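Shown here: query.cif, mmCIF, C-alpha atoms.
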data_model
loop_
_atom_site.label_atom_id
_atom_site.label_comp_id
_atom_site.auth_asym_id
_atom_site.auth_seq_id
_atom_site.Cartn_x
_atom_site.Cartn_y
_atom_site.Cartn_z
CA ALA M 2 -79.07 -14.49 -50.66
CA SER M 3 -79.35 -18.30 -51.26
CA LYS M 4 -79.00 -19.45 -54.93
CA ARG M 5 -82.20 -20.81 -56.61
CA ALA M 6 -82.51 -23.87 -58.94
CA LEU M 7 -85.47 -24.70 -61.27
CA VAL M 8 -85.63 -28.49 -62.00
CA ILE M 9 -88.19 -29.10 -64.83
CA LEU M 10 -89.83 -32.54 -64.29
CA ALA M 11 -91.65 -34.10 -67.32
CA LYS M 12 -93.36 -37.52 -67.73
CA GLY M 13 -90.64 -40.11 -68.65
CA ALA M 14 -87.82 -38.16 -66.88
CA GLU M 15 -84.96 -40.36 -65.53
CA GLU M 16 -85.86 -40.36 -61.77
CA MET M 17 -82.17 -40.88 -60.69
CA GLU M 18 -81.11 -37.85 -62.85
CA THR M 19 -83.97 -35.83 -61.19
CA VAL M 20 -83.57 -36.88 -57.49
CA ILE M 21 -79.70 -36.85 -57.32
CA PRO M 22 -79.36 -33.17 -58.45
CA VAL M 23 -82.41 -32.00 -56.33
CA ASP M 24 -81.04 -33.78 -53.18
CA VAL M 25 -77.34 -32.74 -53.67
CA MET M 26 -78.34 -29.08 -54.49
CA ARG M 27 -80.55 -28.95 -51.30
CA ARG M 28 -77.53 -30.36 -49.31
CA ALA M 29 -75.61 -27.30 -50.72
CA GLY M 30 -78.31 -24.93 -49.28
CA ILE M 31 -79.66 -24.13 -52.81
CA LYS M 32 -83.45 -23.38 -52.84
CA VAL M 33 -84.71 -25.99 -55.38
CA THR M 34 -88.16 -25.88 -57.09
CA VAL M 35 -89.17 -29.24 -58.67
CA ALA M 36 -91.62 -27.87 -61.31
CA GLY M 37 -94.00 -30.25 -63.17
CA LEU M 38 -94.00 -29.48 -66.94
CA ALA M 39 -97.66 -30.67 -67.28
CA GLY M 40 -98.79 -29.09 -63.94
CA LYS M 41 -98.70 -29.90 -60.19
CA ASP M 42 -99.88 -33.57 -60.56
CA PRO M 43 -97.49 -36.44 -59.61
CA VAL M 44 -95.07 -37.33 -62.51
CA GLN M 45 -94.51 -40.95 -63.68
CA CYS M 46 -90.71 -41.20 -64.36
CA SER M 47 -88.97 -43.57 -66.87
CA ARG M 48 -88.72 -46.52 -64.35
CA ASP M 49 -92.21 -45.79 -62.88
CA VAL M 50 -91.00 -43.90 -59.74
CA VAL M 51 -93.78 -41.30 -59.14
CA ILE M 52 -92.51 -37.87 -57.89
CA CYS M 53 -94.85 -35.07 -56.63
CA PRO M 54 -93.57 -31.69 -57.94
CA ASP M 55 -93.22 -28.66 -55.57
CA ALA M 56 -95.20 -26.55 -58.11
CA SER M 57 -96.49 -26.46 -61.73
CA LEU M 58 -93.95 -25.03 -64.24
CA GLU M 59 -96.76 -22.47 -65.00
CA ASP M 60 -96.47 -21.12 -61.38
CA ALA M 61 -92.68 -21.74 -60.92
CA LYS M 62 -91.79 -19.73 -64.11
CA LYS M 63 -93.57 -16.64 -62.58
CA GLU M 64 -91.19 -16.92 -59.50
CA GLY M 65 -87.99 -16.40 -61.59
CA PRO M 66 -85.23 -15.63 -62.02
CA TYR M 67 -83.24 -18.84 -61.17
CA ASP M 68 -79.41 -19.11 -60.82
CA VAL M 69 -79.66 -22.52 -62.63
CA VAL M 70 -82.29 -24.25 -64.85
CA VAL M 71 -81.79 -28.06 -64.66
CA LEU M 72 -83.02 -30.50 -67.38
CA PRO M 73 -82.95 -34.17 -66.28
CA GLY M 74 -82.64 -36.83 -69.04
CA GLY M 75 -84.71 -39.90 -69.83
CA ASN M 76 -85.46 -40.07 -73.61
CA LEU M 77 -89.27 -39.45 -73.24
CA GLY M 78 -88.65 -36.76 -70.55
CA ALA M 79 -86.17 -34.91 -72.85
CA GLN M 80 -88.68 -35.18 -75.78
CA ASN M 81 -91.44 -33.60 -73.57
CA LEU M 82 -88.96 -30.78 -72.60
CA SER M 83 -87.99 -30.41 -76.35
CA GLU M 84 -91.69 -29.91 -77.40
CA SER M 85 -92.61 -27.36 -74.62
CA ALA M 86 -93.07 -23.65 -75.58
CA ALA M 87 -92.79 -22.77 -71.81
CA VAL M 88 -89.38 -24.60 -71.61
CA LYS M 89 -88.26 -22.76 -74.83
CA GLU M 90 -89.14 -19.36 -73.20
CA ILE M 91 -87.45 -20.25 -69.82
CA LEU M 92 -84.14 -21.39 -71.50
CA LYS M 93 -83.99 -18.32 -73.88
CA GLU M 94 -84.55 -15.95 -70.86
CA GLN M 95 -81.88 -17.85 -68.82
CA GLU M 96 -79.43 -17.69 -71.80
CA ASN M 97 -80.20 -13.94 -72.35
CA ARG M 98 -79.64 -13.09 -68.61
CA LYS M 99 -76.40 -15.23 -68.68
CA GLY M 100 -77.76 -17.71 -66.07
CA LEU M 101 -76.45 -21.31 -65.76
CA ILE M 102 -78.24 -24.05 -67.81
CA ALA M 103 -77.52 -27.69 -66.75
CA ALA M 104 -78.68 -30.83 -68.67
CA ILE M 105 -77.75 -34.54 -68.23
CA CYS M 106 -77.90 -37.72 -70.40
CA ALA M 107 -80.61 -37.11 -73.13
CA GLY M 108 -81.49 -33.77 -71.37
CA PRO M 109 -79.10 -31.66 -73.54
CA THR M 110 -81.10 -32.62 -76.73
CA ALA M 111 -83.75 -30.14 -75.35
CA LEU M 112 -81.04 -27.40 -75.74
CA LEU M 113 -80.77 -28.41 -79.46
CA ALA M 114 -84.62 -28.34 -79.88
CA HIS M 115 -84.73 -24.75 -78.40
CA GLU M 116 -81.49 -23.55 -80.17
CA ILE M 117 -79.76 -22.94 -76.75
CA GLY M 118 -75.95 -22.56 -76.37
CA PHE M 119 -75.00 -23.23 -80.05
CA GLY M 120 -71.16 -23.23 -80.39
CA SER M 121 -70.71 -24.72 -76.84
CA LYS M 122 -68.70 -27.90 -76.03
CA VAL M 123 -71.29 -30.46 -74.69
CA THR M 124 -71.54 -34.10 -73.58
CA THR M 125 -74.62 -36.39 -73.64
CA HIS M 126 -75.30 -40.09 -73.04
CA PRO M 127 -73.37 -41.92 -75.83
CA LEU M 128 -76.82 -43.02 -77.24
CA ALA M 129 -78.01 -39.32 -77.45
CA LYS M 130 -74.83 -38.07 -79.26
CA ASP M 131 -76.20 -38.46 -82.87
CA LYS M 132 -79.43 -36.54 -81.96
CA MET M 133 -77.46 -33.78 -80.11
CA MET M 134 -74.90 -33.42 -82.98
CA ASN M 135 -77.60 -33.19 -85.76
CA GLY M 136 -76.47 -30.11 -87.79
CA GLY M 137 -73.10 -29.78 -85.93
CA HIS M 138 -74.36 -26.87 -83.71
CA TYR M 139 -72.17 -28.09 -80.75
CA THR M 140 -68.69 -29.64 -80.31
CA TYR M 141 -68.93 -33.10 -78.65
CA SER M 142 -67.05 -34.08 -75.43
CA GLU M 143 -66.64 -37.52 -73.72
CA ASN M 144 -65.91 -35.85 -70.30
CA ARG M 145 -68.25 -37.20 -67.53
CA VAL M 146 -69.11 -33.50 -66.87
CA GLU M 147 -68.57 -30.73 -69.50
CA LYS M 148 -68.87 -26.99 -68.67
CA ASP M 149 -68.51 -24.39 -71.47
CA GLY M 150 -69.43 -20.99 -69.92
CA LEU M 151 -73.09 -21.22 -68.77
CA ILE M 152 -73.82 -24.58 -70.56
CA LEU M 153 -73.14 -27.46 -68.10
CA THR M 154 -73.77 -31.03 -69.45
CA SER M 155 -73.19 -34.64 -68.22
CA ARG M 156 -73.49 -38.19 -69.61
CA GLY M 157 -75.72 -40.55 -67.55
CA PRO M 158 -77.26 -41.76 -64.26
CA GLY M 159 -73.71 -42.68 -63.08
CA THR M 160 -72.45 -39.07 -63.65
CA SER M 161 -75.47 -37.54 -61.74
CA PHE M 162 -73.39 -36.90 -58.53
CA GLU M 163 -70.48 -35.21 -60.46
CA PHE M 164 -73.11 -33.23 -62.51
CA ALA M 165 -74.87 -32.09 -59.27
CA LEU M 166 -71.53 -31.20 -57.54
CA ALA M 167 -70.47 -29.19 -60.69
CA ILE M 168 -73.75 -27.14 -60.35
CA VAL M 169 -72.99 -26.66 -56.59
CA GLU M 170 -69.38 -25.54 -57.46
CA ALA M 171 -70.68 -23.09 -60.17
CA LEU M 172 -73.27 -21.53 -57.75
CA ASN M 173 -71.74 -21.85 -54.21
CA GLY M 174 -67.98 -22.42 -54.96
CA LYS M 175 -65.43 -25.30 -54.68
CA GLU M 176 -65.36 -25.36 -50.82
CA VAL M 177 -69.18 -25.92 -50.45
CA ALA M 178 -69.00 -28.60 -53.25
CA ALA M 179 -66.12 -30.40 -51.38
CA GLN M 180 -68.06 -30.13 -48.03
CA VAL M 181 -71.28 -31.58 -49.62
CA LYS M 182 -69.24 -34.33 -51.44
CA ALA M 183 -67.42 -35.89 -48.39
CA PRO M 184 -70.52 -37.38 -46.62
CA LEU M 185 -71.87 -38.92 -49.94
CA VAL M 186 -69.12 -41.69 -49.90
CA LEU M 187 -68.36 -41.22 -53.66
CA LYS M 188 -65.31 -42.99 -55.28
#
Can you dump the structure from the file as structure tokens?
Amino acid sequence: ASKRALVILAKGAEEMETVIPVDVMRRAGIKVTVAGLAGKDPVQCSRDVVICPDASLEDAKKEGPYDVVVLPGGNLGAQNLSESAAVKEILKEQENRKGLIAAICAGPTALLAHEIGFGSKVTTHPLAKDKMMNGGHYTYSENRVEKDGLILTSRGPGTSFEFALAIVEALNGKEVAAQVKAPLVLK
């Protein structure tokens, strides 16, 4: 069967860190659900790009389980993810069933908020490092993409392609990732 990705889209999400993974994962033949944290209404992203979710998180979370849960960054997006009881429940379930969790830029600070993947090697945006490392619950990495078991993290808008291709490699293997990569004209 095709792998399934849940992308949780909150107000203030970084639209590049949302659209690049959704697009690249769909190129890989992954079934992606863009789920609105606050419901099914269009979401105003950090730079005012307005994205219409596929479903509410409320509905999407009843259609589990997912092979990957994806947390985009954007400071205000990540804060909304950090404060959500529904996000807490989804990540704990994913961690318990040993499913992949992927977070980019400020996104991984939602893992800290929900006590997900403590003891993992992680990266964040340089500006999110202090917040992520509060209490020393993770070991910090400067790699553009970091994968420690089922915690996959990445640094910024400019690592979004590598982040997305790492998710594709984890779910569909190196060959599919290489096939999806070539037509993107990456460096």
Exercise. Mind giving me the straight-line distance from CA of residue 31 (chain M) to CA of residue 177 (chain M) in Å, one decimal?
Key: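 The value is 10.9 Å.
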Practice task
Kindly resolve the PyMOL selection byres ((chain M and resi 89) around 9) on the present coordinates and return the residues as an MDAnalysis selection string.
Solution key: chainID M and resid 82:88 90:94 111:112 114:117
Could you write out that same residue set with C-alpha atoms as a PDB file, in the coordinates of the input?
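The new file again_27.pdb reads:
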ATOM      1  CA  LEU M  82     -88.960 -30.780 -72.600  1.00  0.00           C
ATOM      2  CA  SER M  83     -87.990 -30.410 -76.350  1.00  0.00           C
ATOM      3  CA  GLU M  84     -91.690 -29.910 -77.400  1.00  0.00           C
ATOM      4  CA  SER M  85     -92.610 -27.360 -74.620  1.00  0.00           C
ATOM      5  CA  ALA M  86     -93.070 -23.650 -75.580  1.00  0.00           C
ATOM      6  CA  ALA M  87     -92.790 -22.770 -71.810  1.00  0.00           C
ATOM      7  CA  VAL M  88     -89.380 -24.600 -71.610  1.00  0.00           C
ATOM      8  CA  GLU M  90     -89.140 -19.360 -73.200  1.00  0.00           C
ATOM      9  CA  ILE M  91     -87.450 -20.250 -69.820  1.00  0.00           C
ATOM     10  CA  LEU M  92     -84.140 -21.390 -71.500  1.00  0.00           C
ATOM     11  CA  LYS M  93     -83.990 -18.320 -73.880  1.00  0.00           C
ATOM     12  CA  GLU M  94     -84.550 -15.950 -70.860  1.00  0.00           C
ATOM     13  CA  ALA M 111     -83.750 -30.140 -75.350  1.00  0.00           C
ATOM     14  CA  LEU M 112     -81.040 -27.400 -75.740  1.00  0.00           C
ATOM     15  CA  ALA M 114     -84.620 -28.340 -79.880  1.00  0.00           C
ATOM     16  CA  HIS M 115     -84.730 -24.750 -78.400  1.00  0.00           C
ATOM     17  CA  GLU M 116     -81.490 -23.550 -80.170  1.00  0.00           C
ATOM     18  CA  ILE M 117     -79.760 -22.940 -76.750  1.00  0.00           C
TER      19      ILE M 117
END
Top pick for closest residue to residue 99 (chain M), considering M:128, M:38, M:123, M:151 and counting only C-alpha atoms:
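Answer, going by the shortest atom-to-atom distance: M:151.
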Go through the shown structure with the PyMOL selection byres ((chain M and resi 134-137) around 12) and write out the matching residues as a compact mmCIF listing (two decimals) with C-alpha atoms, in the frame of the given file.
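Generated output (expr-v5.txt):
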# COMPACT_ATOMS: atom_id res chain seq x y z
CA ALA M 107 -80.61 -37.11 -73.13
CA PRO M 109 -79.10 -31.66 -73.54
CA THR M 110 -81.10 -32.62 -76.73
CA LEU M 112 -81.04 -27.40 -75.74
CA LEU M 113 -80.77 -28.41 -79.46
CA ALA M 114 -84.62 -28.34 -79.88
CA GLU M 116 -81.49 -23.55 -80.17
CA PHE M 119 -75.00 -23.23 -80.05
CA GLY M 120 -71.16 -23.23 -80.39
CA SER M 121 -70.71 -24.72 -76.84
CA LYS M 122 -68.70 -27.90 -76.03
CA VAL M 123 -71.29 -30.46 -74.69
CA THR M 124 -71.54 -34.10 -73.58
CA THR M 125 -74.62 -36.39 -73.64
CA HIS M 126 -75.30 -40.09 -73.04
CA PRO M 127 -73.37 -41.92 -75.83
CA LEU M 128 -76.82 -43.02 -77.24
CA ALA M 129 -78.01 -39.32 -77.45
CA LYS M 130 -74.83 -38.07 -79.26
CA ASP M 131 -76.20 -38.46 -82.87
CA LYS M 132 -79.43 -36.54 -81.96
CA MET M 133 -77.46 -33.78 -80.11
CA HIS M 138 -74.36 -26.87 -83.71
CA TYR M 139 -72.17 -28.09 -80.75
CA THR M 140 -68.69 -29.64 -80.31
CA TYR M 141 -68.93 -33.10 -78.65
CA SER M 142 -67.05 -34.08 -75.43
* Asked: By how many Å are CA of residue 29 (chain M) and CA of residue 162 (chain M) apart?
  ->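 That distance, rounded to one decimal, is 12.6 Å.
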- [ ] Check the smallest atom-to-atom distance from each of M:43, M:100, M:65, M:108 to residue 156 (chain M) using only C-alpha atoms, then report the winner.
- [x]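 The closest residue to residue 156 (chain M) is M:108.
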Counting all atoms listed in the file, closest pick from M:70, M:7, M:168, M:50 relative to residue 155 (chain M) is M:168
**Item:** Polymer residues at most 9 Å from region 16-19 of chain M, only C-alpha atoms, same-chain spacing of 6 or more positions, as number ranges by chain
**Value:** M: 8-10, 35, 45-52, 71-75, 105-106, 157-162
Output check: residues returned by the PyMOL selection byres ((chain M and resi 26) around 12), as a PDB file with C-alpha atoms, in the coordinates of the input:
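Output file part-v3.pdb follows:
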ATOM      1  CA  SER M   3     -79.350 -18.300 -51.260  1.00  0.00           C
ATOM      2  CA  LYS M   4     -79.000 -19.450 -54.930  1.00  0.00           C
ATOM      3  CA  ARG M   5     -82.200 -20.810 -56.610  1.00  0.00           C
ATOM      4  CA  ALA M   6     -82.510 -23.870 -58.940  1.00  0.00           C
ATOM      5  CA  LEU M   7     -85.470 -24.700 -61.270  1.00  0.00           C
ATOM      6  CA  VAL M   8     -85.630 -28.490 -62.000  1.00  0.00           C
ATOM      7  CA  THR M  19     -83.970 -35.830 -61.190  1.00  0.00           C
ATOM      8  CA  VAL M  20     -83.570 -36.880 -57.490  1.00  0.00           C
ATOM      9  CA  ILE M  21     -79.700 -36.850 -57.320  1.00  0.00           C
ATOM     10  CA  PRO M  22     -79.360 -33.170 -58.450  1.00  0.00           C
ATOM     11  CA  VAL M  23     -82.410 -32.000 -56.330  1.00  0.00           C
ATOM     12  CA  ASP M  24     -81.040 -33.780 -53.180  1.00  0.00           C
ATOM     13  CA  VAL M  25     -77.340 -32.740 -53.670  1.00  0.00           C
ATOM     14  CA  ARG M  27     -80.550 -28.950 -51.300  1.00  0.00           C
ATOM     15  CA  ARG M  28     -77.530 -30.360 -49.310  1.00  0.00           C
ATOM     16  CA  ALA M  29     -75.610 -27.300 -50.720  1.00  0.00           C
ATOM     17  CA  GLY M  30     -78.310 -24.930 -49.280  1.00  0.00           C
ATOM     18  CA  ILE M  31     -79.660 -24.130 -52.810  1.00  0.00           C
ATOM     19  CA  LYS M  32     -83.450 -23.380 -52.840  1.00  0.00           C
ATOM     20  CA  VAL M  33     -84.710 -25.990 -55.380  1.00  0.00           C
ATOM     21  CA  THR M  34     -88.160 -25.880 -57.090  1.00  0.00           C
ATOM     22  CA  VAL M  35     -89.170 -29.240 -58.670  1.00  0.00           C
ATOM     23  CA  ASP M  68     -79.410 -19.110 -60.820  1.00  0.00           C
ATOM     24  CA  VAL M  69     -79.660 -22.520 -62.630  1.00  0.00           C
ATOM     25  CA  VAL M  71     -81.790 -28.060 -64.660  1.00  0.00           C
ATOM     26  CA  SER M 161     -75.470 -37.540 -61.740  1.00  0.00           C
ATOM     27  CA  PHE M 162     -73.390 -36.900 -58.530  1.00  0.00           C
ATOM     28  CA  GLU M 163     -70.480 -35.210 -60.460  1.00  0.00           C
ATOM     29  CA  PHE M 164     -73.110 -33.230 -62.510  1.00  0.00           C
ATOM     30  CA  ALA M 165     -74.870 -32.090 -59.270  1.00  0.00           C
ATOM     31  CA  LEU M 166     -71.530 -31.200 -57.540  1.00  0.00           C
ATOM     32  CA  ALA M 167     -70.470 -29.190 -60.690  1.00  0.00           C
ATOM     33  CA  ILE M 168     -73.750 -27.140 -60.350  1.00  0.00           C
ATOM     34  CA  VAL M 169     -72.990 -26.660 -56.590  1.00  0.00           C
ATOM     35  CA  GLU M 170     -69.380 -25.540 -57.460  1.00  0.00           C
ATOM     36  CA  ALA M 171     -70.680 -23.090 -60.170  1.00  0.00           C
ATOM     37  CA  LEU M 172     -73.270 -21.530 -57.750  1.00  0.00           C
ATOM     38  CA  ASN M 173     -71.740 -21.850 -54.210  1.00  0.00           C
ATOM     39  CA  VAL M 177     -69.180 -25.920 -50.450  1.00  0.00           C
ATOM     40  CA  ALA M 178     -69.000 -28.600 -53.250  1.00  0.00           C
ATOM     41  CA  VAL M 181     -71.280 -31.580 -49.620  1.00  0.00           C
ATOM     42  CA  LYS M 182     -69.240 -34.330 -51.440  1.00  0.00           C
TER      43      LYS M 182
END
In Å and to one decimal, CA of residue 104 (chain M) is distant from CA of residue 153 (chain M) by 6.5 Å
Export region 167-185 of chain M from the structure block above, keeping C-alpha atoms, as an mmCIF file, in the first residue's frame.
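In the end it all went to part_7.cif:
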data_model
loop_
_atom_site.group_PDB
_atom_site.id
_atom_site.type_symbol
_atom_site.label_atom_id
_atom_site.label_comp_id
_atom_site.auth_asym_id
_atom_site.auth_seq_id
_atom_site.Cartn_x
_atom_site.Cartn_y
_atom_site.Cartn_z
ATOM 1 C CA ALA M 167 14.935 12.443 3.571
ATOM 2 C CA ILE M 168 11.225 11.694 4.425
ATOM 3 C CA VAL M 169 10.794 10.140 0.907
ATOM 4 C CA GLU M 170 13.994 8.022 1.445
ATOM 5 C CA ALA M 171 12.773 6.871 4.946
ATOM 6 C CA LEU M 172 9.296 5.859 3.577
ATOM 7 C CA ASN M 173 9.868 4.804 -0.102
ATOM 8 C CA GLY M 174 13.684 4.131 -0.203
ATOM 9 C CA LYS M 175 16.813 5.767 -1.762
ATOM 10 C CA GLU M 176 15.894 4.932 -5.420
ATOM 11 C CA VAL M 177 12.459 6.735 -5.282
ATOM 12 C CA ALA M 178 14.158 9.721 -3.484
ATOM 13 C CA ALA M 179 16.859 9.889 -6.266
ATOM 14 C CA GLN M 180 14.123 9.602 -9.006
ATOM 15 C CA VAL M 181 12.020 12.430 -7.399
ATOM 16 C CA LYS M 182 15.189 14.592 -6.861
ATOM 17 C CA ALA M 183 16.530 14.669 -10.491
ATOM 18 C CA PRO M 184 13.676 16.744 -12.073
ATOM 19 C CA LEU M 185 13.775 19.365 -9.190
#
